[PDB]
Structure formats: structure tokens, C-alpha cells
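Encoded as C-alpha cells, the structure appears first; notes follow it.
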Amino acid sequence: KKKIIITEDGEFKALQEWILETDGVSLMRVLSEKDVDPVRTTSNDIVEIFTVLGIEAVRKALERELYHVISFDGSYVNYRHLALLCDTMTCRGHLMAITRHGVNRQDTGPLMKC
Amino acid sequence: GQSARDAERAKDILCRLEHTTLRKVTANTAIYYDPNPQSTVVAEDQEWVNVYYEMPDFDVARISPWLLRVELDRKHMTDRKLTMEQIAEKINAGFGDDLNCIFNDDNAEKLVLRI
Amino acid sequence: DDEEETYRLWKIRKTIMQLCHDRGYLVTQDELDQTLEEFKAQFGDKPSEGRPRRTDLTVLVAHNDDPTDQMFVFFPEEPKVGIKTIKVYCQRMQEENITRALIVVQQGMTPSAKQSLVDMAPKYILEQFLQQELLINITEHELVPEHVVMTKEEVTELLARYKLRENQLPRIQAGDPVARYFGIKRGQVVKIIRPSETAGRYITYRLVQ
Amino acid sequence: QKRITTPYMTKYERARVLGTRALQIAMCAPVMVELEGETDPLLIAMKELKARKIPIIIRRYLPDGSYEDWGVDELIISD
Amino acid sequence: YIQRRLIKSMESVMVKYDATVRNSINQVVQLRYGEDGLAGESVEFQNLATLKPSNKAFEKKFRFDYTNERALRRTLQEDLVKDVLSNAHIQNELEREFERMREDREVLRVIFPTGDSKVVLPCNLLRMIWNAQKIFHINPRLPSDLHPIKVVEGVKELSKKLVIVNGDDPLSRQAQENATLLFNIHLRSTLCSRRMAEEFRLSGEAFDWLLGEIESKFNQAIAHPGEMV
């Protein structure tokens with residue numbers, strides 16, 4: 001969570017900066033306030049980012065959260081699998097959950113829904 | 001901005017973002033009965049209500065015999081950098097004009113405003 | 001107050017001067033970096049009982065490739081907008097011969113007005129916004145990659161290179177924040193350019209339906 | 001011409017060519033190499049591949065309906 | 001239970017014979033598998049070694065100045081040290097590789113903003129140099145006989161024969177440059193003319209072997225058309 005800058009001589013330097021964390025989400029207003037970074041501020045709920053930021057932002061946020069939950073205990077999983085999952089999960093434009101009535105709404109054949 | 005560096009501006013924007021209601025900044029409230037603003041049932045609030053009373057405004061229709069008295073806690077007041085001036089206008093500006101707020105001076109230790 | 005109100009009107013203005021610059025209109029350079037005190041001196045110090053009336057703020061721009069097609073933006077005065085109030089604007093477009101128009105709604109609109117804009121389909125296309133949404137440029141956020149809209153000559157080059165149809169592309173509905181920021185209609189294809197860690201750069205396409 | 005596919009025999013086509021050619025040998029088909037004391041119908045079918053002498057053509061189906069035919073002689077054996 | 005659900009979702013996605021990852025109804029999901037086109041089985045960790053150093057150490061380690069006449073005499077033979085000092089064309093071509101390197105150094109700093117250097121890539125390069133240093137008994141004590149403009153042109157020709165997206169027209173000649181963008185940067189930064197005349201000190205015979213092996217161990221990392229991805 002540090003602020004990494006590239007100095008004039010060209011070295012990566014990290015800086016400690018105050019960050020704030022809340023309990024409750026309404027991001028469209030928090031972004032509009034003064035002296036609050038509108039670029040790097042984000043929320044851990046993805047339907048909110050879907051309504052506020054778009055669809056590609058949902059793709060990237062979902063990828064980031066999967067990576068963070070996987071690499072929590074020092075484990076590691078290749079990237080292609082995360083990319084393929086979070087791409088087939090947001091392919092038809094909207095957020096369809098991998099659930100009962102999320103795989104129940106597609107151009108699929110009749111002998112699979114039976 | 002430098003608010004990311006110094007803790008004071010960080011804390012001020014902290015307080016400016018957090019939600020704060022009224023019951024968090026009040027000590028106790030009491031419904032008294034003053035049929036006249038000069039009656040002053042409680043003993044010591046006569047001073048400031050009177051120094052308002054020699055500047056008497058808004059006696060348009062009547063004077064309501066029913067009073068509402070609110071006590072505030074300066075601990076919870078200053079931590080958010082609030083004082084009852086802004087409260088006084090917004091408790092009016094925002095609800096209507098059906099209410100009327102006179103208040104003390106904060107140099108007095110306890111912060112009371114009567115409505 | 002008005003200091004909050006003179007701040008917002010400058011901020012919302014600066015956002016729109018980029019939104020129309022993205023769509024390919026001609027906006028003078030210094031209009032993009034119009035600082036606050038410069039705005040405060042030009043249009044007025046305060047809009048509370050002031051010269052900035054939420055009119056005198058409207059903008060009319062012309063396209064780069066063609067000086068005839070122009071776009072207008074309106075800032076309604078009432079919190080929520082009625083029926084003839086937009087027809088006041090529809091008349092203002094009828095007189096000036098402009099079809100591209102925007103309205104920066106203040107707080108909301110009426111369901112009757114929702115009916116009154118979806119009717120003039122073949123002419124006088126208007127976009128309805130909100131005052132809150134225009135307060136921040138979402139395009140410069142971290143998560144949002146770079147979108148670019150492709151002409152209808154380029155789209156026929158994809159479907160002939162990858163030997164695709166147009167049903168087989170990934171889809172995007174024309175109701176999400178970036179589909180409206182660029183003013184996209186159904187049947188268009190937008191190009192996304194994002195950097196990745198395995199290859200370095202990856203270009204994907206979306207069909208807006 | 002216009003062959004857009006890879007010149008390498010993929011992992012799956014090598015497992016199906018070796019299976020089919022081995023089953024044809026078991027049913028008395030004529031071999032195409034000079035074996036020496038070999039009897040297993042699947043050991044023979046493997047040294048025919050090392051010599052590029054299996055008489056089978058692969059038809060790759062593109063996902064747009066087309067196809068093209070590669071002779072096993074023309075492919076670069078992966079292993 | 002959660003794994004059963006998820007696997008019931010994505011059952012029929014696979015790689016079709018034109019290297020596109022298509023659904024069951026042929027709905028394109030990715031234009032290339034994993035955005036690169038390689039199987040996640042023949043890759044491993046490496047380092048860039050171009051983004052982390054400072055602007056002075058960079059120009060100090062990746063420059064190959066040719067006006068010293070004595071260190072150039074120390075590392076190269078006498079046949080080549082008189083040719084490198086007496087040809088403006090060579091000095092010019094040795095000057096443009098540094099320019100093509102600085103641009104990639106600036107692109108890496110925006111691809112990787114945090115500043116790390118651990119990436120996953122195809123065939124290892126430092127181990128392939130270490131192998132060629134022992135298949136040919138390279139003695140890192142004597143002057144070498146590897147002309148630098150040979151290194152430059154050999155790396156160019158090798159970079160040409162690494163096709164992921166085979167085509168000639170635009171929109172198929174720029175997606176190829178987008179696919180193998182990182183690997184080419186790594187390959188150009190590792191096999192530069194200064195480093196391979198200062199540290200590795202490979203001979204002429206031991207360079208064609210390395211070039212021929214890079215290509216052959218890359219072409220077998222590409223994904224196979226038919227695996228149930």
C-alpha cells in the first residue's frame with residue numbers, strides 16, 4: 001500500500017502514506033469529494049464497481065481479488081487460469097454468477113438443461 | 001495532498017467523511033414548561049436567554065409555552081471540530097423554520113441550546 | 001452555501017470539456033485546464049443570487065472532421081425536469097438546427113419525461129445525465145483501460161481477418177458508465193487496449209448490444 | 001494452399017494415429033518397414049512413425065466450417 | 001461442492017485449430033490462449049534486469065563504448081579491434097541498439113509500475129548460456145572472436161522466426177508484435193553486445209548453437225490445438 005515513485009535519477013523509491021479504510025460502501029460520493037485520490041480509491045464489492053465504473057473494471061477487480069485470496073498463505077497459481085476464469089465469467093456483458101439461475105439463461109441446447 | 005503526509009489533515013478529512021448523528025453529541029435533554037420566556041424554570045439559564053430577551057425578535061403569533069432544552073458534550077463536540085453555531089443554522093436550515101434556537105456562549109463550560 | 005456551489009460548477013464543467021474532446025469534437029486547449037479562480041472571474045464569483053445562473057454555462061461545440069454537425073449541452077434549473085421544459089430545449093434545437101444535445105439533469109427526472117425522450121428516435125437525439133456522475137472522470141481511474149471506437153470500415157476488417165461473424169464477439173450492454181461516456185449505439189464495436197504481464201499488451205474487442 | 005494451421009503434429013493426433021495404425025496391423029494389414037523379430041502390433045506401429053511411413057491423412061476442421069488435409073509425412077513429429 | 005459447480009460451468013471451452021479459445025457455440029473468449037499463446041507447462045521464473053537499475057548504472061552496463069582502445073583490446077582479438085575502431089557504419093549500428101533498448105526500458109516501467117522483476121517466461125536464457133559455455137570449453141580468460149555486428153543481426157534474425165500470429169497484413173502484423181512483446185525485450189536485454197563481450201565471452205561457434213536452440217525450445221512451448229483448457 002506504499003506510494004512507489006520513480007525519482008529523477010531513475011530508481012524505485014517507496015513512501016509511507018496515510019490511507020483510510022471504512023466499514024460501509026457508497027463510492028460514487030466518496031470519489032467526488034476534495035483531497036481524495038479519485039484514481040486509486042476502490043471498494044471490495046464488485047456490483048458497486050459494475051454500476052459505477054463499468055464492466056472491464058469488474059474484470060480486473062475480480063482478477064485482483066482472486067489473486068489476493070489465493071496468495072494469502074504463500075501459495076501460487078499460474079495466471080492463465082485466473083485470466084480464463086474471469087474472462088468467461090464476464091463475457092456476455094453483464095455479471096452472471098456461476099449459480100443455478102446463472103447457467104440457466106443462454107443459447108445452450110435443450111438436452112443440457114434437461 | 002500533503003494530507004497524506006501529516007496526521008492532522010488526515011484526521012480532519014477522517015472526521016469529515018465519517019457519519020455523525022445528534023445523539024452522539026448530546027448529554028441529556030429535558031422538556032420544560034416556560035409559558036413566558038422570562039419564567040426560566042431552571043435556575044441559571046436566565047442570563048443568556050435574558051440577554052437575548054432585551055433583543056427580542058420573533059414574537060410573531062404567540063410564544064409557545066412548551067420548551068425543549070438540550071445539553072451537549074464538548075468532548076464529542078470538539079473531536080469532530082464542531083460547535084453549536086453550524087448545528088444551530090442547520091437544525092433550522094434543513095427542517096424548516098417551525099423551530100427556533102437560542103444558545104449559550106461556549107466560554108460557559110456546559111453547552112446548552114433551547115428550542 | 002455558494003463556495004461549494006462555485007466549486008462544483010467549475011468541476012462539472014471541466015469534466016464535460018474532456019467528454020466532448022474524447023468524442024472527437026474541437027475544444028480549445030486552455031479550456032481543458034481552466035483553473036478555479038479563472039472560472040470564478042469569468043462566469044462570476046458565486047451562483048447564489050449571482051451571474052452564473054446554471055444558464056450562461058451551456059456549451060456548443062463543432063466536430064473536427066465537419067463544421068456542420070454540432071453538439072449542445074443544457075443545464076436545467078429545476079431539480080427534477082418536467083415535460084415541456086425539454087420541449088423548450090427541443091424547440092431551441094429546432095431553431096438552431098442541431099441534433100446532438102445533452103442535458104445535465106440536476107437531481108432527477110420524471111417518468112413522463114422518460115417517455116418524452118425515447119420517442120424522437122430518427123431526429124434530435126439527446127443524452128440524459130446526472131449532476132453527481134459528472135463530478136469525476138472515470139476514464140482516468142486505475143482499473144478502467146483505454147477504449148477506442150472503431151469506424152465501420154475497420155469493423156469489416158476484423159470479421160474478414162478472423163473469419164468471424166458479429167454474433168461471436170464479446171458483448172457489452174449500452175447502459176454501463178463507459179458505454180454512455182462515449183455515446184455508443186447498438187451495432188458498434190469498441191476496442192480495448194490493456195497491458196498484461198505475460199505478453200505486455202493485449203487488444204480485445206467488444207460488441208455493444 | 002492457404003494452410004493457416006501449425007506444421008507440428010499435436011499431442012492428440014499422435015495418440016490417435018498410433019492407435020488406429022496398430023489396430024490395422026492386428027487385422028493382417030501389410031506393414032511398411034523392415035521389422036526384425038518384432039511381434040507386438042503396437043511396437044511396430046511406433047517404428048513406422050519414426051520412419052515417416054504411415055499411410056494416413058489427417059483432416060483438421062477449422063471452426064468456420066472449412067478444412068485442410070495434412071499427410072502424416074508432412075508433419076514435424078513432436079517427440 | 002463449490003468445485004463441482006464451477007466445473008459444471010466451464011466444461012466445453014477449448015483451443016480450436018486456429019489458436020483461438022472458443023466456447024461451445026463458437027463464441028470467441030480469447031483471441032489467444034492466456035493472451036500469449038503458450039501452455040502453462042513449459043515456462044519458468046526469470047528476471048528482467050533492465051527496469052530496476054538507475055539511469056547511470058544502466059548506461060554503464062549496457063553501452064559498449066568503442067573509444068577505449070585498451071579494454072577493447074583486452075576483450076576482443078586483434079583482428080576485430082582494428083575493424084571496430086575503423087568503420088563508421090559499425091559504430092552507427094552499435095549506437096541504435098542502445099536506443100532500441102532505452103525505449104523498452106521506458107515501456108517496462110509502465111507495464112510493471114510497482115518495480116518487481118520476477119516474471120514467468122519461455123525457455124531459460126542464463127542456463128542456456130551456461131550450457132553453451134561448457135559444451136565448447138569456453139575459457140573466460142582470453143580474448144574472444146565474436147564480432148558484435150554478428151550478435152546484433154543474429155538476434156534480429158532470431159526474433160523474426162518466433163511467430164505466434166502468422167500473417168502479413170496489418171491488424172495481423174501488430175497483434176504478433178503485441179504477443180511476443182515481453183519476451184523480445186528480455187531477449188534483447190540479455191543478449192546485448194556489451195554483456196556478451198564482457199561477462200559471457202561466448203565464441204563464434206558457441207553462438208550459432210545458442211541461437212538454434214532458443215528457437216527450437218520456443219516452438220514447442222506453443223499450446224496444442226485441442227486441449228480442454
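Convention: chains lettered A, B, ... in C-alpha cells order; per-chain residue numbering from 1; ligands numbered from 1 as shown.
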
Need to verify the contact set: region 20-28 of chain E, 6 Å, only C-alpha atoms, exclusion of same-chain residues closer than 5 positions in sequence. Can you return it as a list in words?
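Residues near the query, excluding close chain neighbours: residues 168 and 169 of chain C; 12, 13, 14 and 15 of chain E.
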
Just to be explicit: take each residue in the selection above, keep N, CA and C atoms, and write the result as a CSV table (one decimal), in the first residue's frame.
chain,number,residue,atom,x,y,z
C,168,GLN,N,-20.3,-13.5,-32.6
C,168,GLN,CA,-19.3,-14.3,-31.9
C,168,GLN,C,-18.4,-13.4,-31.1
C,169,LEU,N,-18.6,-12.2,-31.0
C,169,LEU,CA,-17.7,-11.3,-30.2
C,169,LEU,C,-18.2,-11.2,-28.8
E,12,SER,N,-16.9,-26.9,-21.7
E,12,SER,CA,-16.6,-27.1,-23.1
E,12,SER,C,-15.8,-26.0,-23.8
E,13,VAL,N,-15.0,-25.3,-23.0
E,13,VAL,CA,-14.1,-24.3,-23.6
E,13,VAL,C,-12.8,-25.0,-24.0
E,14,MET,N,-12.3,-24.8,-25.2
E,14,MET,CA,-11.1,-25.4,-25.7
E,14,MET,C,-10.5,-24.6,-26.8
E,15,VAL,N,-9.3,-25.0,-27.2
E,15,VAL,CA,-8.5,-24.3,-28.2
E,15,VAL,C,-8.7,-24.9,-29.5

With only C-alpha atoms considered, list every residue of chain E at most 7 Å from chain A, as a ChimeraX atom specification.
/E:6,9,29,34,52-55,114-115

Would you write out those residues with N, CA, C and O atoms, as an mmCIF file, in the first residue's frame?
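selection_19.cif written:
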data_model
loop_
_atom_site.group_PDB
_atom_site.id
_atom_site.type_symbol
_atom_site.label_atom_id
_atom_site.label_comp_id
_atom_site.auth_asym_id
_atom_site.auth_seq_id
_atom_site.Cartn_x
_atom_site.Cartn_y
_atom_site.Cartn_z
ATOM 1 N N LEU E 6 -18.396 -24.938 -10.186
ATOM 2 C CA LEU E 6 -17.571 -24.191 -11.133
ATOM 3 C C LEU E 6 -17.219 -25.036 -12.350
ATOM 4 O O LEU E 6 -17.266 -24.547 -13.482
ATOM 5 N N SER E 9 -19.807 -25.252 -14.821
ATOM 6 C CA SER E 9 -19.944 -24.048 -15.645
ATOM 7 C C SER E 9 -19.159 -24.148 -16.953
ATOM 8 O O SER E 9 -19.739 -24.053 -18.039
ATOM 9 N N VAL E 29 -13.729 -16.305 -26.858
ATOM 10 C CA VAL E 29 -13.468 -15.898 -25.486
ATOM 11 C C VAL E 29 -12.128 -15.188 -25.361
ATOM 12 O O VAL E 29 -12.012 -14.186 -24.659
ATOM 13 N N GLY E 34 -4.412 -17.505 -22.942
ATOM 14 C CA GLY E 34 -3.642 -16.800 -21.936
ATOM 15 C C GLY E 34 -3.023 -15.506 -22.400
ATOM 16 O O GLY E 34 -2.076 -15.033 -21.770
ATOM 17 N N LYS E 52 15.052 -2.206 -12.956
ATOM 18 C CA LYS E 52 15.397 -1.839 -11.590
ATOM 19 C C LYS E 52 16.590 -0.889 -11.453
ATOM 20 O O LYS E 52 16.547 -0.006 -10.591
ATOM 21 N N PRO E 53 17.664 -1.016 -12.234
ATOM 22 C CA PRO E 53 18.836 -0.158 -12.008
ATOM 23 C C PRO E 53 18.550 1.306 -12.300
ATOM 24 O O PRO E 53 17.515 1.679 -12.855
ATOM 25 N N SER E 54 19.515 2.143 -11.923
ATOM 26 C CA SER E 54 19.395 3.584 -12.072
ATOM 27 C C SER E 54 19.883 4.026 -13.447
ATOM 28 O O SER E 54 20.456 3.255 -14.215
ATOM 29 N N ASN E 55 19.669 5.311 -13.747
ATOM 30 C CA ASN E 55 19.971 5.832 -15.074
ATOM 31 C C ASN E 55 21.458 5.883 -15.379
ATOM 32 O O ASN E 55 21.820 5.977 -16.553
ATOM 33 N N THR E 114 4.958 -1.224 -9.993
ATOM 34 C CA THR E 114 5.474 -1.428 -8.642
ATOM 35 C C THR E 114 6.996 -1.520 -8.629
ATOM 36 O O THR E 114 7.653 -0.892 -7.796
ATOM 37 N N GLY E 115 7.573 -2.297 -9.539
ATOM 38 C CA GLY E 115 9.019 -2.328 -9.649
ATOM 39 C C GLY E 115 9.652 -3.692 -9.489
ATOM 40 O O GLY E 115 10.877 -3.794 -9.418
#

Write out, as JSON lines, each residue of chain D that has an atom at most 9 Å from chain E, together with the closest pair of atoms and their distance in Å to one decimal, counting only C-alpha atoms, rows going by chain and rising number.
{"residue": "D:4", "atom": "CA", "partner": "E:18", "partner_atom": "CA", "distance": 7.1}
{"residue": "D:5", "atom": "CA", "partner": "E:18", "partner_atom": "CA", "distance": 6.1}
{"residue": "D:6", "atom": "CA", "partner": "E:17", "partner_atom": "CA", "distance": 8.3}
{"residue": "D:8", "atom": "CA", "partner": "E:220", "partner_atom": "CA", "distance": 8.9}
{"residue": "D:10", "atom": "CA", "partner": "E:224", "partner_atom": "CA", "distance": 5.9}
{"residue": "D:11", "atom": "CA", "partner": "E:224", "partner_atom": "CA", "distance": 6.9}
{"residue": "D:12", "atom": "CA", "partner": "E:226", "partner_atom": "CA", "distance": 7.5}
{"residue": "D:60", "atom": "CA", "partner": "E:17", "partner_atom": "CA", "distance": 7.3}
{"residue": "D:61", "atom": "CA", "partner": "E:17", "partner_atom": "CA", "distance": 7.2}
{"residue": "D:62", "atom": "CA", "partner": "E:17", "partner_atom": "CA", "distance": 5.8}
{"residue": "D:63", "atom": "CA", "partner": "E:16", "partner_atom": "CA", "distance": 6.8}
{"residue": "D:64", "atom": "CA", "partner": "E:26", "partner_atom": "CA", "distance": 8.8}
{"residue": "D:78", "atom": "CA", "partner": "E:220", "partner_atom": "CA", "distance": 7.8}

Residues near residue 31 (chain A), cut-off 10 Å, only C-alpha atoms, skip fewer than 2 positions along chain, as an mmCIF file with N, CA, C and O atoms, in the first residue's frame:
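around.cif, freshly written:
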data_model
loop_
_atom_site.group_PDB
_atom_site.id
_atom_site.type_symbol
_atom_site.label_atom_id
_atom_site.label_comp_id
_atom_site.auth_asym_id
_atom_site.auth_seq_id
_atom_site.Cartn_x
_atom_site.Cartn_y
_atom_site.Cartn_z
ATOM 1 N N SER A 26 -20.369 3.524 -0.215
ATOM 2 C CA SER A 26 -21.088 4.310 -1.218
ATOM 3 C C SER A 26 -20.014 5.124 -1.943
ATOM 4 O O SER A 26 -19.712 6.257 -1.563
ATOM 5 N N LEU A 27 -19.470 4.544 -3.012
ATOM 6 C CA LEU A 27 -18.219 5.049 -3.556
ATOM 7 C C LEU A 27 -18.429 6.265 -4.449
ATOM 8 O O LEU A 27 -17.544 7.120 -4.551
ATOM 9 N N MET A 28 -19.583 6.355 -5.110
ATOM 10 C CA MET A 28 -19.789 7.434 -6.068
ATOM 11 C C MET A 28 -19.696 8.799 -5.402
ATOM 12 O O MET A 28 -19.274 9.770 -6.038
ATOM 13 N N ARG A 29 -20.070 8.889 -4.126
ATOM 14 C CA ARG A 29 -19.915 10.134 -3.388
ATOM 15 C C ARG A 29 -18.518 10.311 -2.820
ATOM 16 O O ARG A 29 -17.984 11.423 -2.861
ATOM 17 N N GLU A 33 -15.396 13.841 -3.571
ATOM 18 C CA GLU A 33 -15.018 14.773 -2.519
ATOM 19 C C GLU A 33 -13.632 15.333 -2.784
ATOM 20 O O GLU A 33 -12.923 14.866 -3.680
ATOM 21 N N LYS A 34 -13.250 16.340 -2.010
ATOM 22 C CA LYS A 34 -11.997 17.025 -2.267
ATOM 23 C C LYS A 34 -10.854 16.386 -1.480
ATOM 24 O O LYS A 34 -11.042 15.825 -0.400
ATOM 25 N N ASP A 35 -9.656 16.484 -2.058
ATOM 26 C CA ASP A 35 -8.426 15.967 -1.462
ATOM 27 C C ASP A 35 -8.534 14.465 -1.205
ATOM 28 O O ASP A 35 -7.982 13.928 -0.244
ATOM 29 N N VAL A 36 -9.270 13.778 -2.075
ATOM 30 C CA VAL A 36 -9.366 12.323 -2.063
ATOM 31 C C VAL A 36 -8.995 11.826 -3.447
ATOM 32 O O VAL A 36 -9.592 12.250 -4.443
ATOM 33 N N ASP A 37 -8.011 10.938 -3.516
ATOM 34 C CA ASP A 37 -7.494 10.469 -4.795
ATOM 35 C C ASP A 37 -8.575 9.746 -5.581
ATOM 36 O O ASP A 37 -9.024 8.678 -5.149
ATOM 37 N N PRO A 38 -9.022 10.276 -6.721
ATOM 38 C CA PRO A 38 -10.080 9.598 -7.476
ATOM 39 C C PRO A 38 -9.578 8.460 -8.337
ATOM 40 O O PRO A 38 -10.398 7.769 -8.955
ATOM 41 N N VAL A 39 -8.262 8.252 -8.414
ATOM 42 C CA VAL A 39 -7.727 7.199 -9.271
ATOM 43 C C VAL A 39 -7.613 5.889 -8.511
ATOM 44 O O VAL A 39 -8.175 4.866 -8.919
ATOM 45 N N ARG A 40 -6.904 5.899 -7.387
ATOM 46 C CA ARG A 40 -6.517 4.684 -6.684
ATOM 47 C C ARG A 40 -7.536 4.233 -5.649
ATOM 48 O O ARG A 40 -7.370 3.163 -5.062
ATOM 49 N N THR A 41 -8.586 5.015 -5.414
ATOM 50 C CA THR A 41 -9.605 4.622 -4.457
ATOM 51 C C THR A 41 -10.494 3.542 -5.057
ATOM 52 O O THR A 41 -10.907 3.636 -6.216
ATOM 53 N N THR A 42 -10.791 2.508 -4.272
ATOM 54 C CA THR A 42 -11.599 1.400 -4.755
ATOM 55 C C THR A 42 -12.386 0.784 -3.609
ATOM 56 O O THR A 42 -12.207 1.162 -2.449
ATOM 57 N N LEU C 135 -19.077 14.562 -11.783
ATOM 58 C CA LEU C 135 -18.148 15.186 -10.855
ATOM 59 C C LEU C 135 -16.741 14.615 -10.944
ATOM 60 O O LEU C 135 -15.789 15.291 -10.537
ATOM 61 N N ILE C 136 -16.580 13.405 -11.468
ATOM 62 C CA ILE C 136 -15.278 12.757 -11.577
ATOM 63 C C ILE C 136 -15.163 12.100 -12.942
ATOM 64 O O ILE C 136 -16.121 11.501 -13.441
ATOM 65 N N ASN C 137 -13.987 12.215 -13.546
ATOM 66 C CA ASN C 137 -13.698 11.498 -14.776
ATOM 67 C C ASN C 137 -13.350 10.054 -14.432
ATOM 68 O O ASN C 137 -12.281 9.787 -13.877
ATOM 69 N N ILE C 138 -14.254 9.125 -14.743
ATOM 70 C CA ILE C 138 -13.972 7.713 -14.503
ATOM 71 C C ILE C 138 -12.951 7.155 -15.473
ATOM 72 O O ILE C 138 -12.282 6.166 -15.151
#

Taking only C-alpha atoms into account, name the residue in A:95, A:25, A:58, A:112 that is nearest to residue 145 (chain C).
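Selected residue with least distance to residue 145 (chain C): A:58.
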
Find the residues near residue 146 (chain E): any atom within 10 Å, counting only C-alpha atoms, skip ones fewer than 4 places away on the same chain, and give them as a PDB file with C-alpha atoms, in the first residue's frame.
ATOM      1  CA  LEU E  76      38.297  -8.739 -28.368  1.00  0.00           C
ATOM      2  CA  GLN E  77      41.005 -10.131 -30.615  1.00  0.00           C
ATOM      3  CA  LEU E  80      38.264  -7.284 -34.761  1.00  0.00           C
ATOM      4  CA  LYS E 150      27.136 -10.543 -35.763  1.00  0.00           C
ATOM      5  CA  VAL E 151      25.375 -10.546 -32.394  1.00  0.00           C
ATOM      6  CA  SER E 193      26.731  -6.812 -27.422  1.00  0.00           C
ATOM      7  CA  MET E 196      28.222 -10.969 -24.248  1.00  0.00           C
ATOM      8  CA  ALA E 197      31.662  -9.462 -24.820  1.00  0.00           C
ATOM      9  CA  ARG E 201      32.529 -14.247 -23.604  1.00  0.00           C
ATOM     10  CA  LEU E 202      30.992 -16.793 -25.953  1.00  0.00           C
ATOM     11  CA  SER E 203      32.890 -17.791 -29.078  1.00  0.00           C
ATOM     12  CA  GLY E 204      31.607 -17.737 -32.647  1.00  0.00           C
ATOM     13  CA  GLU E 205      30.929 -21.457 -32.784  1.00  0.00           C
ATOM     14  CA  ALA E 206      29.074 -21.351 -29.458  1.00  0.00           C
ATOM     15  CA  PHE E 207      26.681 -18.608 -30.585  1.00  0.00           C
TER      16      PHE E 207
END

Show me which bits of chain B are within 12 Å of chain C, counting only C-alpha atoms, as an NGL selection string.
:B and (89-90 or 93)

Could you turn the residues from that selection into a file that holds N, CA, C and O atoms, as an mmCIF file, in the first residue's frame?
data_model
loop_
_atom_site.group_PDB
_atom_site.id
_atom_site.type_symbol
_atom_site.label_atom_id
_atom_site.label_comp_id
_atom_site.auth_asym_id
_atom_site.auth_seq_id
_atom_site.Cartn_x
_atom_site.Cartn_y
_atom_site.Cartn_z
ATOM 1 N N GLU B 89 -27.617 26.649 12.776
ATOM 2 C CA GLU B 89 -28.218 27.020 11.499
ATOM 3 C C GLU B 89 -28.786 25.799 10.785
ATOM 4 O O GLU B 89 -29.869 25.876 10.192
ATOM 5 N N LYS B 90 -28.097 24.652 10.843
ATOM 6 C CA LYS B 90 -28.574 23.521 10.049
ATOM 7 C C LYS B 90 -29.776 22.832 10.686
ATOM 8 O O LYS B 90 -30.642 22.321 9.968
ATOM 9 N N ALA B 93 -31.969 25.455 9.146
ATOM 10 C CA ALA B 93 -31.872 25.307 7.698
ATOM 11 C C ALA B 93 -31.762 23.826 7.373
ATOM 12 O O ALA B 93 -30.680 23.239 7.438
#

In region 18-208 of chain C, DSSP strand (DSSP E or B) residues written as a tab-separated table (two decimals) with C-alpha atoms, in the first residue's frame:
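Contents of the output file selection-v5.tsv:
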chain	number	residue	atom	x	y	z
C	25	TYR	CA	-15.03	17.48	-31.04
C	59	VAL	CA	-21.72	24.84	-24.38
C	60	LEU	CA	-21.98	24.46	-28.16
C	61	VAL	CA	-19.19	22.61	-29.98
C	62	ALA	CA	-18.46	21.59	-33.57
C	63	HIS	CA	-16.85	18.41	-34.85
C	70	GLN	CA	-22.63	20.26	-33.66
C	71	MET	CA	-23.39	19.24	-30.09
C	72	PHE	CA	-25.17	21.18	-27.36
C	73	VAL	CA	-25.35	20.66	-23.60
C	74	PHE	CA	-28.08	22.06	-21.33
C	80	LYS	CA	-36.41	17.46	-11.45
C	81	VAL	CA	-37.43	18.13	-15.03
C	100	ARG	CA	-26.68	16.28	-30.88
C	101	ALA	CA	-27.73	17.53	-27.47
C	102	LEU	CA	-27.07	16.76	-23.82
C	103	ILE	CA	-28.92	17.74	-20.64
C	108	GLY	CA	-33.65	13.66	-11.29
C	109	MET	CA	-36.30	13.43	-13.96
C	126	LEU	CA	-30.50	13.71	-26.50
C	127	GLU	CA	-28.42	12.19	-23.71
C	128	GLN	CA	-29.63	12.39	-20.11
C	146	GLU	CA	-8.39	2.66	-22.68
C	147	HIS	CA	-11.38	2.35	-25.03
C	148	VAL	CA	-11.40	3.47	-28.67
C	149	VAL	CA	-14.36	3.36	-31.04
C	171	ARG	CA	-20.69	-8.26	-25.68
C	172	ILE	CA	-21.25	-5.07	-23.69
C	189	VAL	CA	-17.62	-2.19	-31.87
C	190	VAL	CA	-15.27	-0.69	-29.27
C	191	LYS	CA	-11.60	-1.63	-28.90
C	192	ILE	CA	-9.95	-2.12	-25.50
C	193	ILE	CA	-6.17	-1.83	-25.07
C	194	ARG	CA	-4.83	-3.12	-21.76
C	202	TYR	CA	-3.39	-7.26	-25.37
C	203	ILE	CA	-6.14	-5.88	-27.61
C	204	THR	CA	-9.70	-7.14	-27.16
C	205	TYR	CA	-12.96	-6.15	-28.83
C	206	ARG	CA	-16.50	-5.68	-27.56
C	207	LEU	CA	-19.83	-5.56	-29.36
C	208	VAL	CA	-22.32	-3.12	-27.84

Test item: residues at most 12 Å from residue 36 (chain B), only C-alpha atoms, excluding those fewer than 5 positions along its chain, as a compact mmCIF listing (two decimals) with C-alpha atoms, in the first residue's frame:
# COMPACT_ATOMS: atom_id res chain seq x y z
CA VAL B 41 -37.97 27.40 35.48
CA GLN B 46 -31.94 33.19 32.83
CA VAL B 49 -31.97 33.87 27.50
CA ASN B 50 -32.40 37.32 29.00
CA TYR B 53 -34.67 38.90 25.58
CA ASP B 59 -42.81 37.12 18.81
CA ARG B 62 -47.68 33.82 20.28
CA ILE B 63 -44.96 32.37 22.47
CA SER B 64 -45.18 28.61 22.82
CA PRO B 65 -45.44 27.61 26.50
CA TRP B 66 -43.68 24.33 25.64
CA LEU B 67 -39.88 24.34 25.65
